[PDB]
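What the coordinates show
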Amino acid sequence: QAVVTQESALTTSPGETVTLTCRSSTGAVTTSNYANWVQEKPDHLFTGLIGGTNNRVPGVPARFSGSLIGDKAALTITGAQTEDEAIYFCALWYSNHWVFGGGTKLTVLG
Amino acid sequence: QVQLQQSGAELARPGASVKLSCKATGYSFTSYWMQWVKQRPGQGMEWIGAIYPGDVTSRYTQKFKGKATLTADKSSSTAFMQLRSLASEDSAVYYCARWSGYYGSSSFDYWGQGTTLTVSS
Amino acid sequence: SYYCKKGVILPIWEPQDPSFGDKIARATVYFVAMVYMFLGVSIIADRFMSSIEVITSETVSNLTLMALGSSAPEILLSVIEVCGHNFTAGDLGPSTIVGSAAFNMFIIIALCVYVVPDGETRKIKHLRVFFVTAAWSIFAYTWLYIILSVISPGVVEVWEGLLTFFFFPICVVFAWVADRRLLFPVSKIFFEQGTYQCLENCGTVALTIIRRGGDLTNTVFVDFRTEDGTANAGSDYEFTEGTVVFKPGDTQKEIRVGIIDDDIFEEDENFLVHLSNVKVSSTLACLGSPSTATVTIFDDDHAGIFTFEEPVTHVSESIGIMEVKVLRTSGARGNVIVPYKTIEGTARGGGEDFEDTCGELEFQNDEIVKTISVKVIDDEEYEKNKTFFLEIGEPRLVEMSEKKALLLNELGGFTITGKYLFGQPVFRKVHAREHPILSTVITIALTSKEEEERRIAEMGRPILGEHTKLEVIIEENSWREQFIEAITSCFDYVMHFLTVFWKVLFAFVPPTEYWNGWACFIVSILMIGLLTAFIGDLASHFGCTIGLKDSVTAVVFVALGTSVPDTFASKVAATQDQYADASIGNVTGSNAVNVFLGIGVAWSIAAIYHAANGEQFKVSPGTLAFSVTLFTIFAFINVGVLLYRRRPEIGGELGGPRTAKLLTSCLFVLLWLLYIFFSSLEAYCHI
Ligand SMILES: [Ca+2]
Ligand SMILES: [Ca+2]
Ligand SMILES: [Ca+2]
Ligand SMILES: [Ca+2]
Ligand SMILES: [Ca+2]
Ligand SMILES: [Ca+2]
């Protein structure tokens, strides 16, 4: 029933740091929401980045980091390359069913 | 070397039924959950449910409870999703995602390339 | 003379008086080595002062300790020279203390006048304190003349040496004093309660019917019947339509209504019970309030909420096997496998520090706690505390009744196990990695009420609780930053490569954070003592190689080189502060402690040592007499000009108008050049 909100799109430059937000409608995301971050490349190439708000998938580059800032979850890419131009979705567990965000179409200039 | 081979593109008429097959290879099928995700353009993504091919334990959302039935075939290492009473809103792209069963890890480790389902006459 | 006495550390360069070219060769070595030591002392005295800053963490009592910290090169050199050279008065120590006063009073103050930005002034707010302190510093050099020339001339007595030293505590007490004070009816049939509550597993619910009033010596006939509410007869309760009779003299009867039990999760349900047809054998009796009861059914069929007991667990390393408890809190129904595993963090697994384990523990029915056995393995070495993690997965409700395997819509293969639960045959799901005959297995392959039943029964699934992730912690850099800071724009490169040997060597000084600044304090004062032992030797052998007197080489070279810590302390306070008290007071505080500790301690040790031998301690007054009187005459001019810059045309001691700023600076540099030139001539008897 609850809705997860994000930015529509958020541009940045290569080598710069970027922060992505994930806000729950019911209130503040806790560690019991298990905020997950997934990434789609063009032509429908999905990859899972971050598990329970901290855990990173093996093989995912070390620049991706998840944390909790304020009342919302955060994906931070420190020094993004051109390879990080993709759409990032956030999922919250809500104890019964995963609810996804709208996706931030992060774009890097090149 | 984990690869989830999603089934080919399907075309069906409204009111009919379609069966989609994520043929998982490269790991222990009967010890990993498989999650099905529905993607529509402009409506984000919707979680359909999850299945454990070991003892056929299944999870679903309330709205997809009667719409989708998750089945597995451990002999051929394939997981199935059957959509019944297809309508115009069922025209989407369906993905299969691997889940270890632990909430501390990623629930969407490896994804299939997605089957596009077209429901029109 | 051209003959060099052997130093504390450095040997005599031999042969003595070799040639004229070799004197140039030797003196260049002694001068460059001495200048490199002066570079080293400024680095270590800066770190010595910063340690004092941490110990005492801007008062006169705090500033007199910082003026003491930067005067350690002058104080230690005089003490080392006397004690190192068999308690005989040497020219190098006393002259670098008197010569430091000229450099401090004139050159440092002249620089503090000029560093203040143009248009800004720095005024001595506390002029009473300035008068008392500046008089005491100038008297220190006058009193030095008194003991050498006025009272028993040419000899320093025991009481003269001690009284010089005991003027230093007078500086300390005045600093503490100044901060405190200077600075601040017929029979009726009705129910007992009217709303009963029972669990689903009781089997029967006890209602109670009461007749009161009228005449109790009669017979009352009443019927009761159970009618469906949100619970349905035949699935949730047993239908009963019995008859209740009241004997004469009886007022109460107990009726029991059966409750059908099962394993399916349900919400709170209730049913209605009604009484009517009140009759008497042989108006007389009627139903009254209340006559209908709402009996609730609390349902206990939730399969559990699975959590660890607590987030963080502290474990002794020398333990055989841990028993972490996994608590099934919110109910129990049917066997539920719960996968678990071990995740290694700092405490790396694989058998080296714990035995890696993972598996599928299985709760039974109505069993609310099981244990996870992970075994820590101790090691001999004493290391940092290590952590690893324990996490349970998503549970699976393996075993259920026949009709509950339709509501859950389990479509896997099923086995018919022997056990019976609530009177029903009980099935258990086939799991892979187990093999059946495959004839044995049964596979068990809406109306808006059935779908409600499925939706509610999917709320009795095994889920995970608050704590699904438990941390096991096993129980038994600032040094690096200094070395990284030691080694790191062309002008910066010149200064970096010049001092890189000193910065790396002094990076072995303990960081100031240890022992609240005392660890840095002990090591720094030892290194200052070591480098002013070399400076005393390098300056001594430099003078006798070219024939320069120890009086002259101390006043010109050693006095300037050991006041580099004092110059930067005064310069920062001149610019960064708002007044001139701290900048000028550091000059005054340095000048006092130079005499009282540098000469007071050194001549106390020497006079006492000679007195134990029944001998006098003889210091030649002539060299020091003209220096101290030349300083006091020049000091009154310096103090007089500083007081003259208090007029509104100038505005303060420091800074002020640019044309007056240069004249004050050039005058004070001129006073220093006049001092060191006249003192050098008097040393060489040119009047
Ligand atoms: Ca019931
Ligand atoms: Ca019922
Ligand atoms: Ca029950
Ligand atoms: Ca029940
Ligand atoms: Ca160990
Ligand atoms: Ca140990």
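- Method information in the entry identifies cryo-EM as the source of the structure, with 3.6 Å recorded as the resolution.

1. Quick notes on the interface of chain C and chain B
- If you look at the interface, chain C gives 20 residues, while chain B gives 20 residues.
- Both sides of the chain C and chain B interface together cover about 1,700 Å² of buried area, and 55% of this is carbon and sulfur.
- Where chain C meets chain B, there are three salt bridges.
- Taking the shortest distance from any N to any O, the salt bridge between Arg396 of chain C and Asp55 of chain B comes out at 3.9 Å.

2. Side note on the pattern of salt bridges
- The tally for this structure, following the rule as stated, stands at 25 salt bridges over all chains.
- Taking the shortest distance from any N to any O, the salt bridge between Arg461 of chain C and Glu394 of chain C comes out at 3.4 Å. Each member of the pair, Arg461 of chain C as well as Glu394 of chain C, is classed as buried.
- The shortest N-O distance in the salt bridge between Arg433 of chain C and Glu434 of chain C comes to 3.8 Å.
- A relative accessible area of 57% places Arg433 of chain C in the exposed class.
- Accessibility expressed as a relative area gives 52% for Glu434 of chain C, which makes it exposed.
- One network of salt bridges, with partners in common, ties together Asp55 of chain B together with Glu360, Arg396, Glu410, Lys429, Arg433 and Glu434 of chain C.

3. Some remarks on the coordination of the calcium ion (ligand 3)
Residues and elements named next belong to chain C.
- Binding of the calcium ion (ligand 3) to the protein goes through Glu200 (OE), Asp261 (OD), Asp262 (O), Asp301 (OD) and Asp301 (OD), at separations of 2.2 to 2.6 Å.
- In this structure, the calcium ion (ligand 3) is positioned 4.1 Å from the calcium ion (ligand 4), and both are ligated by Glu200. Neither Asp261 nor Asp301 differs from the other in exposure class; each is buried.

4. With respect to the coordination of the calcium ion (ligand 4)
Residue and element names in this part refer to chain C.
- Within the protein, the calcium ion (ligand 4) binds to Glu200 (OE), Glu200 (OE), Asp262 (OD), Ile264 (O), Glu266 (OE), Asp299 (OD) and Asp301 (OD); these donor distances fall in the range 2.2 to 2.8 Å.
- The distance between the calcium ion (ligand 4) and the calcium ion (ligand 1) comes to 3.9 Å, and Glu200 binds to both of them. The exposure classification of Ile264 matches that of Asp299, with both residues buried.

5. Some points on the state of the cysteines
- Inspection of the entire model under this criterion finds three disulfides over all chains.
- Across the disulfide from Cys22 of chain B sits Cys96 of chain B; the S-S distance is 2.0 Å. Of note, the bridge from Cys22 of chain B to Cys96 of chain B carries an S-S torsion of about 60° and is right-handed in sense. Taken together, the positions of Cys22 of chain B in strand β3 (residues 18-25) and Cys96 of chain B in strand β9 (residues 92-99) put the pair 74 residues apart, joining distant regions of the chain.
- The class of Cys22 of chain B is buried, set by a relative accessible area of 0%.
- This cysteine, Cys171 of chain C, is not joined by any disulfide, and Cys112 of chain C carries the nearest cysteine sulfur, 20 Å off.

6. Section: the UniProt feature "binding site: Ca(2+) 4" in chain C
All names here are of chain C.
- Summarizing the sequence annotation, UniProt attributes the feature "binding site: Ca(2+) 4" to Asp236, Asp262, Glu266 and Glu269 in the numbering used throughout. A stretch of 34 residues holds the annotated residues, and the largest C-alpha distance among them is 14.2 Å, short enough that they meet in one place.
- You can see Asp236 is positioned in the loop between β6 (220-227) and β7 (243-246).
- For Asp236, the residues in contact, after removing those within four places along its chain, are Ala231, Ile259, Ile260, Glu266, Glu269 and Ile297.

7. So, the interface of chain A and chain B
- Tallying the contact residues gives 21 residues for chain A and 17 residues for chain B.
- Counting the surface lost from both chain A and chain B, the interface buries some 1,800 Å², and carbon and sulfur atoms represent 63% of this.
- In terms of surface lost to chain B, no three residues of chain A exceed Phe46, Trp98 and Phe100 of chain A, which account for 36% of the buried area on that side.
- Applying the counting rule to chain A against chain B returns zero salt bridges.
- Applying the counting rule to chain A against chain B returns five residue pairs in polar contact.
- With four residues, the top contributor of residues to the side of chain A that touches chain B is strand β5 (residues 45-50) of chain A.

8. Focus on the packing of aromatic side chains
- One pass over the structure, following the stated rule, counts 48 aromatic pairs over all chains.
- Between the aromatic rings of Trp93 of chain A and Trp47 of chain B, the centroid separation amounts to 6.4 Å while the plane-to-plane angle is 85°, which identifies the pairing as edge-to-face. Linking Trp93 of chain A in the loop between β8 (86-92) and β9 (99-100) with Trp47 of chain B in strand β5 (residues 45-52), this pair reaches from one chain into another.
- Lying across the ring of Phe80 of chain B, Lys19 of chain B places its NZ or CZ 4.9 Å from the centre.
- The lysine or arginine in question, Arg98 of chain B, covers the ring of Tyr27 of chain B, its NZ or CZ lying 5.3 Å from the ring centre.

Calculation criteria
Per-chain numbering applies: from 1 upward along each written sequence, possibly unlike the entry's numbering, with residues missing coordinates excluded. By the order in which they are written, chains take letters starting at A while ligands take numbers starting at 1. The basis for the side-chain values is all heavy atoms of the structure; hydrogens and waters are excluded. Residues with missing side-chain atoms are left out of burial classes, side-chain pairs and their counts. We call two residues in contact when some of their heavy atoms are within 4.5 Å. Defined here as a combined quantity, buried area equals the accessible surface (1.4 Å probe) lost by two parts on assembly, summed across both. Salt bridges are defined as contacts in which a side-chain nitrogen from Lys or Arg sits within 4 Å of a carboxyl oxygen from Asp or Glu. When accessible area is computed with a 1.4 Å probe and restricted to protein chains, residues below 20% of their type maximum are described as buried, those above 50% as exposed, and intermediate ones as partly exposed. Shown as donors are all N, O and S atoms within 2.8 Å of a metal ion, widened to 3.2 Å for Na, K and Ca; because water is not in the atom set, sites may appear incomplete. We call a pair of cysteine sulfur atoms a disulfide when they lie within 2.5 Å. Helix and strand assignments come from DSSP, with helices taken as H or I runs of at least 4 residues and strands as E runs of at least 2, each series counted from the N terminus. UniProt positions are given in the numbering used here, feature names are shortened, and annotations may be inferred rather than shown by experiment. Distance and chemistry together define a polar contact, namely a pair of N or O atoms within 3.5 Å, with one atom able to donate a hydrogen and the other to accept it when in protein, and with adjacent residues in sequence counting only for side-chain atoms on both sides. By convention, a stacked pair of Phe, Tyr or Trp rings (six-membered ring in the case of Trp) has centres within 6.5 Å and planes under 30 degrees apart, an edge-to-face pair has planes over 60 apart, and any other such pair is tilted. Each ring is checked for a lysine NZ or an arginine CZ that lies within 6 Å of its centre and within 35 degrees of its normal; such an atom marks a charge sitting over the ring.

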